[PDB]
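Written out below as structure tokens is the structure these notes cover.
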Amino acid sequence: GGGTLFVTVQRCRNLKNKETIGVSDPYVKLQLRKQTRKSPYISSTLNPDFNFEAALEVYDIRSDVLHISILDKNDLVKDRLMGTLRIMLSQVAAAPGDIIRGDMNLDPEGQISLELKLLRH
Ligand SMILES: [Ca+2]
Ligand SMILES: [Ca+2]
Ligand SMILES: [Cl-]
Ligand SMILES: [Cl-]
Ligand SMILES: [Cl-]
Ligand SMILES: [Cl-]
Ligand code: NA
């Protein structure tokens, strides 16, 4: 393998509310091997428009996995998990143009609009 994965999270829709009182304040967390990224949060919404851009280095295209989490930012208690999605880098590498772009289903509910572009080295 070996490449750079460009990730754009455009938005999420229909997220599961996790806030004890009020509406959750979502942000994106990305993880690939030892790399982590976190977007700024958006207050009081289950339908955030993030337009979040990141890049992660890929060390083995065949086996690497990108882990996406959507979390509720909290000030006093632990941030709570709203939804997750795993992307296998092999799926990106198989796609025409090494590009994937669509509205995907989060676990356990909600949708996420993403663009994933792999540049191979
Ligand atoms: Ca809130
Ligand atoms: Ca919160
Ligand atoms: Cl890993
Ligand atoms: Cl922020
Ligand atoms: Cl980044
Ligand atoms: Cl998943
Ligand atoms: Na998009």
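Residue numbering for the sequence shown follows the deposited numbering, beginning at 474 and increasing consecutively.
Idealized CB from N, CA, C, for every residue including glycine.
Just to confirm, is the Cβ distance from residue i to residue j under 8 Å?
i: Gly575; j: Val531; result: no
i: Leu478; j: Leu589; result: yes
i: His540; j: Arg559; result: yes
i: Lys491; j: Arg553; result: yes
In angstroms with no decimal places, state the Cα-to-Cα distance between residue i and residue j.
i: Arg593; j: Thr481; result: 18 Å
i: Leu505; j: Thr493; result: 30 Å
i: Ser542; j: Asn578; result: 12 Å
i: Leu562; j: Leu549; result: 36 Å
i: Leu503; j: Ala567; result: 21 Å
i: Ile585; j: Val496; result: 18 Å
i: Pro569; j: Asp580; result: 26 Å
Excluding the 5 residues flanking residue i on each side, which residues of the same chain have their C-beta closer than 6 Å to its C-beta?
i: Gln508; result: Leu529
i: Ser512; result: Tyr500, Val501, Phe523, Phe525
i: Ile573; result: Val565, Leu589
i: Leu587; result: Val482
i: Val538; result: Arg559, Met561
Taking the DSSP output, what are the residues bridged to residue i?
i: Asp576; result: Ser586
i: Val496; result: Its beta-bridge partners do not exist; DSSP assigns none.
i: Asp545; result: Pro499, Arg553
For residue i, which residues from the same chain have a beta carbon less than 8 Å from its beta carbon, with the 5 sequence-adjacent residues on both sides left out?
i: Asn520; result: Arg484, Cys485, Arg486, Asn487, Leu488
i: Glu582; result: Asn487, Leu488, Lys489, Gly556
At a cut-off of 7 Å, would you count residue i as near ligand 3, judging by its Cβ distance to the nearest heavy atom?
i: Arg593; result: no
Taking 7 Å as the limit between beta carbons, can you name the residues of its chain near residue i, skipping five residues before and five after?
i: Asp498; result: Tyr514, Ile515, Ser516, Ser517, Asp545, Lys546
i: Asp533; result: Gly474
i: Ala527; result: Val480, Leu503, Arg510
Should residue i be listed as close to ligand 6, given that the test is whether its C-beta is under 7 Å from any heavy atom?
i: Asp580; result: yes
i: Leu505; result: no
i: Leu562; result: no
Considering only heavy atoms of ligand 4, does any lie closer than 7 Å to the CB of residue i?
i: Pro513; result: yes
Within the present structure, is the beta-carbon of residue i separated from the nearest heavy atom of ligand 1 by less than 7 Å?
i: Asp498; result: yes
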